[PDB]
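Commentary on secondary and tertiary structure
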Amino acid sequence: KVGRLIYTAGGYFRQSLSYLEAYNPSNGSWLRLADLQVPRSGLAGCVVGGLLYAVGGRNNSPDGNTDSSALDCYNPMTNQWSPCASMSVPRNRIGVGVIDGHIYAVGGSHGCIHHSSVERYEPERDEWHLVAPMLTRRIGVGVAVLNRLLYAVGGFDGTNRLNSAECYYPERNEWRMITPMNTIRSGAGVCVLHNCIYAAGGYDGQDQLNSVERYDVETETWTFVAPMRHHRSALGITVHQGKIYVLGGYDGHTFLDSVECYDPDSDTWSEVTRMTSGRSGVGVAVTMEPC
Ligand SMILES: O=C(O)C[C@H](c1ccc2c(c1)OCO2)c1ccc2ccc(OCC(=O)NC3CCCCC3)cc2c1
Ligand SMILES: [Cl-]
Ligand SMILES: [Cl-]
């Protein structure tokens, strides 16, 4: 359990960013690590076998926008990124989840296309394959895995921002709708903590949100918990040692540098650190500290 850092990859402030920075909750420190090979925002992060993966996104630059089909792998033992097999299609504003060592890439956009497609990466074989598509096209979708079931929450289908959510049952290669959230959320942070799927923040079509709700996978209800201190959309999120961390995002005025931490025992959020600069659209995951 000891020695794990919260890694934040990529993001957006004025343009897409190549930063990889890692926060140590035990001592408050931040480390700047090897930049991504290509600046990306709208990507997702995940970890399999101790390696950090950066999935999808877009490179917004002064010279244009390129949606990414890339999968790149960062090894903390070498502080180096290596390319992996690319996805079938570019996916900006993607959601990712891991089931039993396999990476699922969910939804996202490619230009004006809003994907319902989903694909699964096998690290052993360095191969992607498509699986059943979602019932809804979703970009800016939040994804989390609980009990080897994969949840896709919220997003934007091209016309409407969504309160709907759905679950993927791998042994049946099938998606089914779940109870919709109480709030429309595009670009929420979505994670798992204990027996619930949390959706924090997002954009409802009108305002950036500070509200947070959680789906109990047994009772099939969504319940609001304490709101974050800051409204935020396009935030990074992860869970570490039984607490949710939210990183950055956009509040309607500022690209936030704040990191807040949710304690489920007290049902409270606290501000724990600040990133080195404000940014939105980051990928976040937890793995061992580097060499
Ligand atoms: O619902 C929609 O149309 C899409 C939605 C969105 C959210 C909030 C919004 C907004 C649009 O326009 C008003 O504010 C969204 C959802 C998830 C995202 C995940 C990553 C991401 O990476 C790039 C990035 O960070 N971009 C900045 C640009 C400047 C404003 C904030 C995001 C962008 C995302 C956008
Ligand atoms: Cl974008
Ligand atoms: Cl992960």
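Residues numbered from 1 in each chain as written, not as in the entry; some residues may be left out. Chains lettered and ligands numbered in written order. Heavy atoms only, no water.

Method of structure determination, per the deposited record: X-ray crystallography was used for this entry, reaching 1.40 Å resolution.

1. Here we look at the overall build of the protein
The number of helices and strands found in the protein is zero helices and 30 strands. The C-alpha atoms of the protein give 17 Å as radius of gyration, which agrees with the globular expectation for 291 residues (19 Å, within 12%). Taking the principal axes of the C-alpha coordinates as reference, the protein spans close to 45 × 40 × 40 Å. Counting every position in the protein, which comprises 291 residues, the buried fraction comes to 56%. Intrachain contacts of the protein at a sequence separation of at least 6 include 49% that bridge at least 24 residues. Here the protein has roughly 12,200 Å² of accessible surface; of this, 46% comes from carbon and sulfur atoms. With 23 positive and 29 negative side-chain charges, the protein shows a separation of 2 Å between the mean positions of the two kinds. (Helix = DSSP H or I, 4+ residues; strand = E, 2+ residues; numbered from the N terminus. Rg over C-alpha atoms; globule rule 2.2 N^0.38 Å. Buried < 20%, exposed > 50% of the residue type's maximum accessible area, 1.4 Å probe, protein only. Contact = heavy atoms within 4.5 Å. Areas by Shrake-Rupley, 256 points an atom, 1.4 Å probe, with all protein chains shown as cover. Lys, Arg positive; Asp, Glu negative; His and termini not counted. Charge placed at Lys NZ, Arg CZ, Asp CG, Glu CD.)

2. A word on the sheet that holds strand 12 (residues 95–99)
Within the open sheet, the four strands sit side by side as 12-13-16-17. Their pairing is antiparallel. Looking at strand neighbours, the two that pair on one side only are strand 12 and strand 17 (127–131), the edges of this open sheet. Shown here is a sheet whose adjacent strand axes are inclined to one another by a mean of 25°, direction ignored. Relative to strand 16 (residues 118–122), strand 13 (residues 102–106) runs antiparallel, the two being bridged by four bridges. Pairing of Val106 across the sheet is with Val118, part of strand 16. (Pairing = 2+ DSSP bridges. Axes fitted to C-alpha atoms, helices over the stretch in contact; angles between N-to-C directions.)

3. Structural notes on the sheet that holds strand 29 (residues 268–274)
Across the sheet, four strands lie side by side as 26-27-28-29; this open sheet has antiparallel pairing. Here the strands that pair on one side only, and so sit at the sheet edges, are strand 26 (236–240) and strand 29. Geometrically, the sheet is characterised by an average inter-axis angle of 25° between neighbouring strands, direction not taken into account.

4. Points about the UniProt feature "repeat: Kelch" in the protein
UniProt records the feature "repeat: Kelch" at residues 5–50, 51–101, 102–148, 149–195, 197–242 and 243–289, using the numbering of this structure. Measuring from the first to the last C-alpha atom of residues 149–195 gives 12 Å, for a span that is 0% helix and 43% strand. Segment residues 197–242 splits into 0% helix and 41% strand. End C-alpha atoms: 13 Å apart. (UniProt positions renumbered as here; feature names shortened; annotations may be inferred.)

5. Structural notes on the site of ligand 1
Around ligand 1 sit 16 residues, and of these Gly42, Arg161, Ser186, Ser233 and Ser280 come closest. In this structure, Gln208 approaches ligand 1 through a side-chain N or O atom, which is 3.5 Å from an oxygen atom. At 2.7 Å from an oxygen atom of ligand 1 is found a side-chain nitrogen or oxygen belonging to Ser280. Considering ligand 1 on its own, with 650 Å² of exposed area, one finds that the protein chains cover 77% of that surface. Tallied by class, residues from the shell around ligand 1 come to five nonpolar, nine polar and two charged. (Near = heavy atom within 4 Å. Polar contact = N/O pair within 3.5 Å; in protein donor to acceptor, adjacent residues only side chain to side chain. Nonpolar A, V, L, I, M, F, W, Y, C, P; charged D, E, K, R; others polar.)

6. A look at the pairing of strand 8 (residues 58–61)
Sheet analysis places strand 8 next to strand 9 (residues 64–67), joined by four bridges and oriented antiparallel. Note that in strand 9 the partner of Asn59 across the bridge is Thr66. With antiparallel pairing between neighbouring strands as the criterion, strand 8 and strand 9 make up a hairpin whose turn holds two residues.

7. Comments concerning unusual backbone geometry
Even without being a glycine, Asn173 presents a positive backbone phi close to 45°. Turning to its location among the elements, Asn173 is positioned in the loop between strand 20 (165–169) and strand 21 (174–178). A relative accessible area of 39% means that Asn173 is categorised as partly exposed. Although it is not a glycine, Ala234 adopts a positive phi angle of roughly 55°.

8. Description of the environment of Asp263
Along the chain, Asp263 turns up in strand 28 (residues 258–263). Distance in space between the C-alpha atoms of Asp263 and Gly242 is 7.5 Å, their sequence separation being 21 residues. Among all residues touching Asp263, those that are not within four sequence positions of it are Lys243 and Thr268. Polar contacts involving the side chain of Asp263 include one to the main-chain amide nitrogen of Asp265, which spans 3.1 Å.

9. A word on the side chain of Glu213
Among the secondary structure elements, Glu213 is positioned in strand 24 (residues 212–216). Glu213 gets classed as buried once you look at its relative accessible area, which sits at 0%. Within the structure, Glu213 has its side chain in polar contact with the backbone nitrogen of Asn182 (distance 2.9 Å). Setting aside residues no more than four positions away along its own chain, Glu213 makes contact with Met181, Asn182, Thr183, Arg185, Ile197, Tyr198, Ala199, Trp222, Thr223, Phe224 and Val225.

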